[PDB]
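Contents: one structure, followed by commentary.
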Amino acid sequence: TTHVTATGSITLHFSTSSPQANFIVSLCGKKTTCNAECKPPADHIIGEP
Amino acid sequence: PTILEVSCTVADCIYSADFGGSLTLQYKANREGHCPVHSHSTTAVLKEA
(Lines give C-alpha, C1' and ligand atoms only; values in the text may rest on other atoms or scores of the structure.)
Protein backbone atom coordinates (compact mmCIF):
# COMPACT_ATOMS: atom_id res chain seq x y z
CA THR A 1 0.00 0.00 0.00
CA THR A 2 1.31 3.42 -1.02
CA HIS A 3 -0.15 6.75 0.00
CA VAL A 4 -1.52 8.09 -3.29
CA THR A 5 -2.07 11.77 -4.01
CA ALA A 6 -4.03 13.53 -6.73
CA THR A 7 -0.97 13.57 -9.00
CA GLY A 8 2.61 12.48 -8.46
CA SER A 9 4.93 9.52 -8.62
CA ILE A 10 5.89 6.46 -6.61
CA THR A 11 9.13 4.48 -6.71
CA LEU A 12 8.85 0.78 -5.89
CA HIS A 13 11.11 -2.21 -5.50
CA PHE A 14 10.56 -5.66 -6.91
CA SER A 15 12.19 -9.03 -7.42
CA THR A 16 11.87 -11.18 -10.53
CA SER A 17 13.09 -14.53 -11.73
CA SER A 18 12.77 -13.85 -15.39
CA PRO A 19 15.55 -12.37 -17.53
CA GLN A 20 13.08 -9.77 -18.77
CA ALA A 21 10.47 -7.94 -16.74
CA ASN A 22 7.49 -8.25 -19.08
CA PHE A 23 4.82 -8.13 -16.46
CA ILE A 24 1.63 -6.22 -15.73
CA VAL A 25 1.47 -3.97 -12.70
CA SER A 26 -1.95 -3.02 -11.38
CA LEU A 27 -2.69 0.07 -9.32
CA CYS A 28 -6.17 0.24 -7.80
CA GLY A 29 -7.35 -1.86 -10.72
CA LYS A 30 -5.69 0.14 -13.50
CA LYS A 31 -3.33 -2.08 -15.49
CA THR A 32 -0.10 -1.04 -17.24
CA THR A 33 2.50 -3.23 -18.94
CA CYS A 34 6.08 -2.74 -17.75
CA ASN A 35 8.72 -3.67 -20.34
CA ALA A 36 12.23 -4.18 -18.97
CA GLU A 37 15.43 -6.17 -19.40
CA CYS A 38 17.01 -7.61 -16.26
CA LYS A 39 20.70 -8.48 -16.25
CA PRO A 40 22.20 -11.63 -14.71
CA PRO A 41 23.12 -11.20 -11.04
CA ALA A 42 26.66 -10.22 -10.16
CA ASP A 43 26.89 -12.43 -7.06
CA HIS A 44 26.87 -16.21 -7.03
CA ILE A 45 25.48 -16.99 -3.57
CA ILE A 46 22.91 -15.36 -1.30
CA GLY A 47 21.76 -15.78 2.26
CA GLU A 48 18.14 -15.58 1.20
CA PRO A 49 15.88 -18.16 -0.40
CA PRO B 1 15.36 10.85 -5.81
CA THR B 2 14.73 9.28 -9.18
CA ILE B 3 14.26 11.75 -12.03
CA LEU B 4 11.32 11.52 -14.42
CA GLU B 5 13.09 12.91 -17.49
CA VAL B 6 16.18 14.85 -18.55
CA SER B 7 17.05 16.84 -21.65
CA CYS B 8 20.51 18.07 -22.62
CA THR B 9 21.48 21.37 -24.24
CA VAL B 10 25.17 21.82 -25.01
CA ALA B 11 26.67 25.28 -25.20
CA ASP B 12 29.87 26.18 -27.05
CA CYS B 13 32.68 23.69 -26.56
CA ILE B 14 36.30 23.29 -27.64
CA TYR B 15 38.10 19.97 -27.56
CA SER B 16 41.18 20.46 -25.42
CA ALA B 17 42.88 19.29 -22.26
CA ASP B 18 41.18 21.85 -20.03
CA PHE B 19 37.47 21.70 -19.19
CA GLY B 20 36.59 23.86 -22.14
CA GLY B 21 33.10 22.57 -22.88
CA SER B 22 29.82 23.41 -21.16
CA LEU B 23 26.26 22.12 -21.18
CA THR B 24 22.93 22.45 -19.39
CA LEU B 25 20.58 19.75 -18.15
CA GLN B 26 16.85 20.29 -17.78
CA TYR B 27 15.76 17.81 -15.11
CA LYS B 28 12.48 16.72 -13.54
CA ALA B 29 12.78 14.81 -10.26
CA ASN B 30 10.62 13.65 -7.36
CA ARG B 31 12.59 14.72 -4.30
CA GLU B 32 15.41 17.05 -3.39
CA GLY B 33 18.67 15.16 -3.18
CA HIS B 34 22.28 14.68 -4.21
CA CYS B 35 22.21 12.65 -7.41
CA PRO B 36 25.52 11.64 -8.99
CA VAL B 37 26.37 12.63 -12.53
CA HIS B 38 28.54 10.67 -14.94
CA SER B 39 29.51 10.48 -18.59
CA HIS B 40 29.27 6.98 -20.02
CA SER B 41 31.36 7.76 -23.10
CA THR B 42 35.05 7.00 -23.24
CA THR B 43 35.84 10.38 -24.77
CA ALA B 44 34.22 12.74 -22.26
CA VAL B 45 34.67 13.41 -18.56
CA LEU B 46 32.92 15.74 -16.16
CA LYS B 47 34.35 18.19 -13.66
CA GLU B 48 31.44 17.69 -11.29
CA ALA B 49 30.31 14.26 -10.21
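In the C-alpha coordinates, chains take letters A, B, ... by order of appearance, with residues numbered from 1 within each chain and ligands from 1 in the order shown.
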What are the nearest atom pairs, with distances in Å to one decimal, for all residues of chain B that come at most 12 Å from chain A, using only C-alpha atoms, set out by chain and rising residue number as CSV?
```
residue,atom,partner,partner_atom,distance
B:1,CA,A:11,CA,9.0
B:2,CA,A:11,CA,7.8
B:3,CA,A:9,CA,10.2
B:4,CA,A:9,CA,8.9
B:28,CA,A:9,CA,11.5
B:29,CA,A:9,CA,9.6
B:30,CA,A:9,CA,7.1
B:31,CA,A:9,CA,10.2
```
Could you pull out the strand (DSSP E or B) residues of chain B from DSSP and send them as JSON, numbers by chain?
{"B": [3, 4, 5, 6, 7, 8, 9, 10, 23, 24, 25, 26, 27, 28, 29]}
Who sits within 9 Å of range 19-23 of chain B, only C-alpha atoms, same chain under 3 positions skipped, as a PDB file with N, CA and C atoms, in the first residue's frame:
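Full text of result.pdb as output:
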```
ATOM      1  N   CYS B   8      19.180  17.477 -22.590  1.00  0.00           N
ATOM      2  CA  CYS B   8      20.509  18.066 -22.621  1.00  0.00           C
ATOM      3  C   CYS B   8      20.589  19.156 -23.678  1.00  0.00           C
ATOM      4  N   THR B   9      21.158  20.300 -23.304  1.00  0.00           N
ATOM      5  CA  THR B   9      21.476  21.373 -24.239  1.00  0.00           C
ATOM      6  C   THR B   9      22.928  21.773 -24.050  1.00  0.00           C
ATOM      7  N   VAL B  10      23.734  21.563 -25.077  1.00  0.00           N
ATOM      8  CA  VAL B  10      25.166  21.816 -25.013  1.00  0.00           C
ATOM      9  C   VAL B  10      25.486  23.201 -25.538  1.00  0.00           C
ATOM     10  N   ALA B  11      26.235  23.966 -24.759  1.00  0.00           N
ATOM     11  CA  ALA B  11      26.668  25.281 -25.203  1.00  0.00           C
ATOM     12  C   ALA B  11      27.862  25.135 -26.135  1.00  0.00           C
ATOM     13  N   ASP B  12      28.579  26.228 -26.368  1.00  0.00           N
ATOM     14  CA  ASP B  12      29.867  26.178 -27.050  1.00  0.00           C
ATOM     15  C   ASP B  12      30.870  25.293 -26.325  1.00  0.00           C
ATOM     16  N   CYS B  13      31.652  24.552 -27.101  1.00  0.00           N
ATOM     17  CA  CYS B  13      32.683  23.686 -26.555  1.00  0.00           C
ATOM     18  C   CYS B  13      33.891  23.691 -27.476  1.00  0.00           C
ATOM     19  N   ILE B  14      35.069  23.507 -26.888  1.00  0.00           N
ATOM     20  CA  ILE B  14      36.300  23.294 -27.639  1.00  0.00           C
ATOM     21  C   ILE B  14      37.014  22.074 -27.087  1.00  0.00           C
ATOM     22  N   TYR B  15      37.381  21.162 -27.973  1.00  0.00           N
ATOM     23  CA  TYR B  15      38.098  19.965 -27.564  1.00  0.00           C
ATOM     24  C   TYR B  15      39.536  20.308 -27.215  1.00  0.00           C
ATOM     25  N   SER B  16      39.899  20.059 -25.965  1.00  0.00           N
ATOM     26  CA  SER B  16      41.184  20.465 -25.423  1.00  0.00           C
ATOM     27  C   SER B  16      41.454  19.653 -24.168  1.00  0.00           C
ATOM     28  N   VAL B  45      34.641  13.509 -20.007  1.00  0.00           N
ATOM     29  CA  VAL B  45      34.672  13.415 -18.555  1.00  0.00           C
ATOM     30  C   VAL B  45      34.136  14.714 -17.983  1.00  0.00           C
ATOM     31  N   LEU B  46      33.632  14.635 -16.764  1.00  0.00           N
ATOM     32  CA  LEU B  46      32.919  15.745 -16.161  1.00  0.00           C
ATOM     33  C   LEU B  46      33.722  16.285 -14.993  1.00  0.00           C
ATOM     34  N   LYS B  47      33.716  17.606 -14.832  1.00  0.00           N
ATOM     35  CA  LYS B  47      34.347  18.193 -13.655  1.00  0.00           C
ATOM     36  C   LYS B  47      33.577  17.880 -12.390  1.00  0.00           C
TER      37      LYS B  47
END
```
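CA of residue 16 in chain A is positioned 11.3 Å from CA of residue 41 in chain A.
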Using Å and a single decimal, report how far CA of residue 4 in chain A sits from CA of residue 30 in chain A.
13.6 Å
